[PDB]
There are 2 protein chains.
Amino acid sequence: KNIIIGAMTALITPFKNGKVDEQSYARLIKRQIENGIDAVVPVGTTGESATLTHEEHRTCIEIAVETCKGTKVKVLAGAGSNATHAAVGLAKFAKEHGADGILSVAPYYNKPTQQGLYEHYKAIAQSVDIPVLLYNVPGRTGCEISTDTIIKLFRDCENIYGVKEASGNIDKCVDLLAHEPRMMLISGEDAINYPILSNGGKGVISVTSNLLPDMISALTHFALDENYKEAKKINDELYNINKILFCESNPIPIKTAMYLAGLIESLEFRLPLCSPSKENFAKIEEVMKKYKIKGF
Amino acid sequence: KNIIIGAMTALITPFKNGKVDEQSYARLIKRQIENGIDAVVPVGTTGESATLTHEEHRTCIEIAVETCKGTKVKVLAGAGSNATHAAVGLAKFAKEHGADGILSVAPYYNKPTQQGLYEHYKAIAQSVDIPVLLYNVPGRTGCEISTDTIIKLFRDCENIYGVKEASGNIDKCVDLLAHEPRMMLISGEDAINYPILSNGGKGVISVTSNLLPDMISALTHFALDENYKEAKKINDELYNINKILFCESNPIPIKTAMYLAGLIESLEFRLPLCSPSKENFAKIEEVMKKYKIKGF
Ligand SMILES: N[C@@H](CCCC[NH3+])C(=O)O
Ligand SMILES: N[C@@H](CCCC[NH3+])C(=O)O
Ligand SMILES: [Mg+2]
Ligand SMILES: [Mg+2]
Ligand SMILES: [Mg+2]
Ligand SMILES: [Mg+2]
Ligand SMILES: [Mg+2]
Ligand SMILES: [Mg+2]
Ligand SMILES: [Mg+2]
Ligand SMILES: [Mg+2]
Ligand SMILES: [Mg+2]
Ligand SMILES: [Mg+2]
Ligand SMILES: [Mg+2]
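Residues numbered from 1 in each chain as written, not as in the entry; some residues may be left out. Chains lettered and ligands numbered in written order. Heavy atoms only, no water. Residues with missing side-chain atoms left out of burial classes, pairs and counts.

### What about the UniProt feature "binding site: pyruvate" in chain A?
All names here are of chain A.
Now for step 1: The UniProt record marks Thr 46 and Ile 205 with the feature "binding site: pyruvate", using the residue numbering of this structure. Across 160 residues, the annotated set stays spatially compact, with a maximum C-alpha separation of 10.3 Å.
Now for step 2: Within the secondary structure layout, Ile 205 lies in strand β10 (residues 203–206).
Now for step 3: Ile 205 sits in the buried class, given a relative accessible area of 2%.
Now for step 4: Those residues in contact with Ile 205, other than ones at most four positions away along the chain, are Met 8, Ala 10, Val 41, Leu 76, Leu 103, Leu 133, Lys 164, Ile 186, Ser 187 and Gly 188. (UniProt positions renumbered as here; feature names shortened; annotations may be inferred. Helix = DSSP H or I, 4+ residues; strand = E, 2+ residues; numbered from the N terminus. Buried < 20%, exposed > 50% of the residue type's maximum accessible area, 1.4 Å probe, protein only. Contact = heavy atoms within 4.5 Å.)

Now the structure itself:
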């Protein structure tokens, strides 16, 4: 199977005057490239998928593909939707516009059954010929892709090569790789990047890497080389920022941190997302002081 | 405040050859009207909001407004979205096309903060001049509209007159009506319709009423007339069907029941929703046999 692994970043989507700051977007991805990141994920949850139009969603995928051309960095395009027809459309767009693969979040709100999830991802996988990474985050979607369903999709579909797990369930992470060791388990929860990697996970799709790409990059590559003492040291070191970046709902804290670091021009969200509390703003600002934040 | 209360139905959306069966849709609404229902809710969760296009979502609102014209039955149009700009657009469409009010689900997937929920609903309420009913269903959205936020929105926004609660939290329903007794608490949980009404709730937005509109209507009207013994009697009798209609994720069981009752033409969903397992199909069919289903 073709895979996309290593250190990956769930890209924030900067706004300027209520519109996607496409030049800031390209600059941020380009900063990621220059700091050891292996792949970028445009328009995930962290990229405010929900509030982008289908045209802006597609524009962000294009900017990512263009910016990464001529580099080793891959584009794992965010292509999820709770409507199968729409997820297939995003998958086909990403394939036709040069993405190396797609991430596809489990359908949110409408809570499909395991059978429905299987048919949902199989239709997505059959629509294109690029790798497809499942994305399980039950706290946001209201549904869970079971281990059995994940393993079935991995074995039944050629392009489905693994899962990004944001479920706080290291037991499930053991379950997955003990019964199907060929799949690529990707950490979608920064605080436990090292435990997932140390159990045979092969990469991360990180929120923290938006702010500290070099540290997340080093952590992942240390761990992939089985340098667990160095990988764990970084993971323990990052715990404080990893947790404070979810003081409020992601991506509210990470965008707050990027703004405080001078990496984006304005602390702008699209409703229903909003600025952090004044208190959490100060808490984010205080935790950042213990870290070396790279500029451009 | 301007209000829409009483017995209300979260309308299923019948599909025929992958398209909205518009003549069946109108026929089902007239069946609701003829069985004592006070209002209909087009395109909720039960109406497969997630997988309808904007054109379809809008068409279903039109059919409901249009079919209920000349009757006492009101149209509480489903207008929720996890993107505030889209929720404002749906609200404005419903107002301009003759809906009596709108239902608006709390944003799903992107998990706004309480401040974000307030600004989300404030923007919706200011966009129209018709009543707005909040909709809290944390098991599907991943977020909760707190009691304080609901009460603030009720007091600060003219159009916001209550909430449809689908949270299995009768404590919160006491909390809401003890601190703000003027709001219209609406049950969004069929199994506990009577307990919510007996504590001062003023209506239901029912899934079960799709199949048994006469029974849900009678339950609500018994309770509103303070005949709690008869309202509880129907609630107790309906428990078995109320539960089996969620053996799988709504609206998979209710559409199965409507199809088994001969009320719709095909057991058709849009992916990622799918037909139930063969057990739950058989379980739904067996529970239905103990209830008298009205025809057309
Ligand atoms: N707000 C909708 C539409 C998003 C379209 C662009 N990703 C959703 O989250 O599914
Ligand atoms: N699937 C998207 C778009 C649906 C728009 C029509 N109701 C959502 O659930 O938000
Ligand atoms: Mg555009
Ligand atoms: Mg996705
Ligand atoms: Mg979508
Ligand atoms: Mg399809
Ligand atoms: Mg090495
Ligand atoms: Mg600054
Ligand atoms: Mg009436
Ligand atoms: Mg709604
Ligand atoms: Mg009253
Ligand atoms: Mg079966
Ligand atoms: Mg079964």
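Here the narrative resumes.
### Topic: the interface of chain A and chain B
Now for step 1: Counting residues at the interface gives 31 residues for chain A and 31 residues for chain B.
Now for step 2: Summing the contributions of chain A and of chain B, the shared interface buries around 2900 Å²; its carbon and sulfur component is 64%.
Now for step 3: Linking chain A with chain B are zero salt bridges, by the criterion used here.
Now for step 4: Run the count over chain A and chain B and you get 10 residue pairs in polar contact.
Now for step 5: The set of elements that each furnish at least two residues to the side of chain A that touches chain B consists of α3 (84–96), α4 (114–127) and α5 (138–141) of chain A. (Buried area = accessible area lost by both parts, 1.4 Å probe. Salt bridge = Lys/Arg side-chain N within 4 Å of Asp/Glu carboxyl O. Polar contact = N/O pair within 3.5 Å; in protein donor to acceptor, adjacent residues only side chain to side chain.)

### Topic: the site of ligand 2
Now for step 1: The local shell around ligand 2 consists of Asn 82 of chain A together with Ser 49, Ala 50, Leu 52, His 54, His 57, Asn 82 and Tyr 108 of chain B.
Now for step 2: Those residues lying near ligand 2 are distributed over chains A and B.
Now for step 3: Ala 50 of chain B places a main-chain nitrogen or oxygen 2.8 Å from a nitrogen atom of ligand 2.
Now for step 4: Between ligand 2 and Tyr 108 of chain B there is a distance of 2.6 Å, counted from an oxygen atom to a side-chain nitrogen or oxygen.
Now for step 5: Summarising the interface, the protein chains cover 82% of the accessible area of ligand 2, which totals 310 Å² for the free molecule.
Now for step 6: Judged by the fraction of its atoms near the pocket grid, ligand 2 is located in the largest pocket.
Now for step 7: Tallied by class, the residues present in the shell around ligand 2 amount to three nonpolar, five polar and no charged. (Near = heavy atom within 4 Å. Areas by Shrake-Rupley, 256 points an atom, 1.4 Å probe, with all protein chains shown as cover. 1 Å grid on protein atoms, 1.4 Å probe; cavity = no way out; pocket = protein on both sides within 12 Å on 5 of 7 lines; lining within 4 Å. Sits in = over half its atoms within 2 Å of the grid points. Nonpolar A, V, L, I, M, F, W, Y, C, P; charged D, E, K, R; others polar.)

### Section: the site of ligand 1
Now for step 1: Close to ligand 1 lie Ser 49, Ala 50, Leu 52, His 54, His 57, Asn 82 and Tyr 108 of chain A together with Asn 82 of chain B.
Now for step 2: In this structure, ligand 1 is bordered by residues of chains A and B.
Now for step 3: Here a nitrogen atom of ligand 1 and a backbone polar atom of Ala 50 of chain A are 2.7 Å apart.
Now for step 4: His 57 of chain A is positioned such that a nitrogen or oxygen atom in its side chain is 3.0 Å from a nitrogen atom of ligand 1.
Now for step 5: Protein chains bury 83% of the 310 Å² of accessible surface belonging to ligand 1 in isolation.
Now for step 6: At a threshold of 2 Å from the grid points, most atoms of ligand 1 map onto the largest pocket.

### With respect to the pattern of salt bridges
Opposite charge on two side chains lets them pair, provided their charged atoms get close.
Now for step 1: Summed over the entire model, instances satisfying the criterion amount to 21 salt bridges over all chains.
Now for step 2: In this structure, the salt-bridge partner of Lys 95 of chain A is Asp 129 of chain A, at a minimum N-O distance of 2.7 Å. Of the two residues, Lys 95 of chain A is situated in helix α3 and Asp 129 of chain A in the loop between α4 and β7 (132–136); the sequence distance between them amounts to 34 residues.
Now for step 3: Taking relative accessible area as the criterion, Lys 95 of chain A reaches 33% and is therefore assigned partly exposed.
Now for step 4: Assessed through its relative accessible area of 59%, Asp 129 of chain A is described here as exposed.
Now for step 5: In this structure, the salt-bridge partner of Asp 236 of chain B is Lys 232 of chain B, at a minimum N-O distance of 2.7 Å. Here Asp 236 of chain B pairs with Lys 232 of chain B, and both are found in helix α10 (residues 228–244), just four residues apart, close to one helical turn.
Now for step 6: For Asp 236 of chain B, a relative accessible area of 43% gives the class partly exposed.

### As for the relation of the copies chain A and chain B
Now for step 1: Mapping chain A onto chain B calls for a screw motion: a turn of 180 degrees about the axis and a shift of 0.1 Å along it, with 0.2 Å RMSD after fitting. The two molecules are tied by a two-fold rotation axis, judged by turn and shift. The C-alpha atom lying nearest the rotation axis in chain A is that of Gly 142 of chain A; the distance is 3.0 Å.
Now for step 2: A shared binding surface is used by both copies, with 100% of the interface residues of chain A retained as interface residues in chain B. (Least-squares fit on C-alpha atoms.)

### Remarks on the layout of surface pockets
A water-sized probe rolled over the atoms picks out the places where empty space is left.
Now for step 1: Approximately 710 Å³ is the volume found for the largest pocket.
Now for step 2: Contributing to the lining of the largest pocket are 29 residues, with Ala 50, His 54 and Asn 82 of chain A together with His 54 and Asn 82 of chain B lying nearest its centre.
Now for step 3: Mapped by element, the contributors of at least two residues to the lining of the largest pocket are α2 (54–68) and α3 of chain A together with α2 (54–68) and α3 (84–96) of chain B.
Now for step 4: Class assignment of the residues belonging to the lining of the largest pocket gives a composition of 13 nonpolar, 16 polar and no charged. (Points joined across faces, edges and corners; volume = space filled by probe spheres on them.)

### Details of the packing of aromatic side chains
Two descriptors summarise a pair of aromatic rings, namely the distance from one centre to the other and the angle between the planes of the rings.
Now for step 1: Enumeration over the complete set of coordinates arrives at five aromatic pairs over all chains.
Now for step 2: Between the aromatic rings of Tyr 109 of chain A and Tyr 108 of chain B, the centroid separation amounts to 4.3 Å while the plane-to-plane angle is 10 degrees, which identifies the pairing as stacked. On the criterion of chain membership, the pair formed by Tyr 109 of chain A in the loop between β6 (101–105) and α4 and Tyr 108 of chain B in the loop between β6 (101–105) and α4 (114–127) is interchain, its members lying in two chains. Accessibility assignment for this pair places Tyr 109 of chain A and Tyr 108 of chain B in one class, buried.
Now for step 3: One aromatic cluster is present, built from ring pairs that chain together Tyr 108 and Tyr 109 of chain A together with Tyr 108 and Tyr 109 of chain B.
Now for step 4: The residue whose ring lies beneath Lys 1 of chain B is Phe 154 of chain B, and the NZ or CZ to ring-centre distance is 4.5 Å.
Now for step 5: Positioned above the aromatic ring of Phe 93 of chain B is the side chain of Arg 58 of chain B, whose terminal nitrogen or guanidinium carbon lies 5.2 Å from the ring centre. (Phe/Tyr/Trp six-rings, centres within 6.5 Å; stacked < 30°, edge-to-face > 60°. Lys NZ or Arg CZ within 6 Å of the ring centre and 35° of its normal.)

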